[PDB]
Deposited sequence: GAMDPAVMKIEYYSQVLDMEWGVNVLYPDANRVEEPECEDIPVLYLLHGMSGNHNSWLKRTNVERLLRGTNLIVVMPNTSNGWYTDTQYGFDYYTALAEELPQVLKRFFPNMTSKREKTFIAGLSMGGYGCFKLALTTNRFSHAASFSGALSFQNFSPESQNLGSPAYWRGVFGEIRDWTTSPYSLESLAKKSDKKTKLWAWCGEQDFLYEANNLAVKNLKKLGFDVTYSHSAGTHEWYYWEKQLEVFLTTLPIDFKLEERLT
């Protein structure tokens, strides 16, 4: 309907991945603000569309939403020759800006959010690029300090100590100018609650602006959507939630 976002289901060639690849875009209704919205493990670019009311949530909101695909590659340039980090941090923004010149190129209007694996990817991209002003993690896999062996090796190689490896958010934080607002939620009955506690505590000590919340909840889409609703209210976009009598 009127005020609902247009939806762009995009098939594009990734030179970085040497693959025909996919992204979804929600386009409002120029310097239009952008939110990158990252899926978790087992997911892809369709996840937020399949698993939440993000479309309804974006009604009347001047915000472009970009949903990338990392296909179980952890937003990482992998050991097996698939450069997912490069494809999504570098190539995708270039591809989209070419299609959509009215999308903002300003940090203060560029945001990121993800759930689980996407929570890790979100914080990683926020810390390494310095191109985002706000970054949100919902039940993120924020630390491995506390699949299959071949699978995990494919992502991270051999890991002795997670926190001191270049893959930890603590280590990636060294690349950050610390000017990104970080936002995190985790359910208190989530298996990743303690990983979130450790990562948040570390990032705060390292001097980062981290707004961490936690409440009753488990590792489920209902909660991640609810927390996206909360995160959107923190953005400079004048968001309004639907009436719910």
| task | Please list, in sequence order, every stretch of the deposited sequence that lacks C-alpha coordinates. | result | 30 to 38, 156 to 163, 263
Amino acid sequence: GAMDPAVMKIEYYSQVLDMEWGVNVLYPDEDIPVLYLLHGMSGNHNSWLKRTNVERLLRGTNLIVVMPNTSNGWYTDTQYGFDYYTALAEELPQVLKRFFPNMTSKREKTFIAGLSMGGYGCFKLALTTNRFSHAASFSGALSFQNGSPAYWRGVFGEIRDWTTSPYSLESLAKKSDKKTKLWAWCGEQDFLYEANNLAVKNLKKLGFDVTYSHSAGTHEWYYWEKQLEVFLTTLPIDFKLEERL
From here on, numbers count along this sequence of modelled residues.
| query | Is the mean CA B factor in the deposited entry higher across 45 to 53 or across 205 to 213? | reply | 205 to 213
| message | Mean CA temperature factor from the deposited coordinates, higher in 78 to 86 or in 156 to 164? | response | 156 to 164
| request: Divide the modelled residues of the chain into thirds by Cα B-factor and specify which third, lowest, middle or highest, holds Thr234. | output: highest
| remark: Of the three thirds of the chain ranked by Cα temperature factor, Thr218 occupies the middle
| note | So, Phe144's CA B-factor, relative to its chain, sits in which third? The highest
| query | Which third of the chain does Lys178 land in by C-alpha B-factor: lowest, middle or highest? | reply | highest
| field | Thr61 - which third its CA temperature factor falls in, relative to the rest of the chain | value | middle
